[PDB]
Structure formats: structure tokens, C-alpha cells
Amino acid sequence: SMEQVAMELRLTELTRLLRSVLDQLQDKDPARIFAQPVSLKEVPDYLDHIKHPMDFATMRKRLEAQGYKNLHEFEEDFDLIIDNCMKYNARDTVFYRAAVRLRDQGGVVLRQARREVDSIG
């Protein structure tokens, strides 16, 4: 149907915007602390602590299969990145502090992205 095609064009356009949002969020992590999943080889207890691991590469794979239906879903995965880090790592660590900075900086990007997703529809 033409209705389905038009839904697909909307998903594709959301996917384009979200890809730019993702690159902008990832520049707020120049150290690349959140670029890849936490290795179970190097933190074998990780899944005892953190029930839903998330990282930028995993977000990217989901994105390129157009697996984000809306900005809320994407924000959930972003928030997991930050929130997981701030529970597993202590306040006095390079990791926790890198999450704070990503959160603060990312919030600016997401504030406008939310207006662009409403605005462009």
C-alpha cells in the first residue's frame, strides 16, 4: 500500500535524523569509553551488576536496521549507557565522570532533536 510506503519514508527520515543525533552524542565521548560493549572477558561479573548493557556500537547496529520507531526509544538506549556506567562505577572514577559529561552535553543535543522530531513530524 501507499500508506505503508509513506510510513516507511517517515521511518527512514527519522533514521537519518537519529544518525546525526548519534554522531553528535558520540563526539561528546572523545575518550571512547562508551563506544563498544563492556567486555565479559575483562569484566566477567558485569551481567550480575547490569541487566541491560548498552553502548554506541549496539545503538548504531539497531539504527541501521531502522530499529528505532521514535526518539523515545533512542533516548532510552542513550540513558542506559549513562545510567549503567553511573551504577557500576564509583563517583571518583574516570568512567563515572565521563558519563556525567556525556549526560550534560548530550542533554543539549536531545533538547533540540525533540523539537526537530515534533517539528519535522
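Looking at the method and resolution fields of the entry, one finds X-ray crystallography and 2.0000 Å.

Caption draft 1: Spotlight on the side chain of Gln26. Note that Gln26 resides in helix α1 (residues 2–26). Here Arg60 takes part through its side chain, which lies 2.9 Å from a polar atom of the side chain of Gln26. Those residues in contact with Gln26 that lie beyond four places of it in its chain are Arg32, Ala35, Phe56 and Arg60.

Caption draft 2: Representation of the packing of helix α4 (residues 71–88) against helix α5 (residues 94–120). In the contact formed by α4 and α5, the axes pass within 9 Å of each other and the chain directions differ by 170 degrees. Considering their axes alone, α4 and α5 lie roughly antiparallel with respect to each other. Between α4 and α5, the residues in contact are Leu71, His72, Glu75, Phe78, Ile82, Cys85 and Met86 and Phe95, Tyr96, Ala99, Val100, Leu102, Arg103, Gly106, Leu110, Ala113, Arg114 and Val117, respectively. A class-by-class count of the residues in the contact of α4 with α5 yields 13 nonpolar, two polar and three charged.

Each value, and the rule that gives it
Residues numbered from 1 in each chain as written, not as in the entry; some residues may be left out. Heavy atoms only, no water. Residues with missing side-chain atoms left out of burial classes, pairs and counts. Helix = DSSP H or I, 4+ residues; strand = E, 2+ residues; numbered from the N terminus. Polar contact = N/O pair within 3.5 Å; in protein donor to acceptor, adjacent residues only side chain to side chain. Contact = heavy atoms within 4.5 Å. Axes fitted to C-alpha atoms, helices over the stretch in contact; angles between N-to-C directions. Parallel < 35°, antiparallel > 145°, perpendicular 65-115°, else oblique. Nonpolar A, V, L, I, M, F, W, Y, C, P; charged D, E, K, R; others polar.

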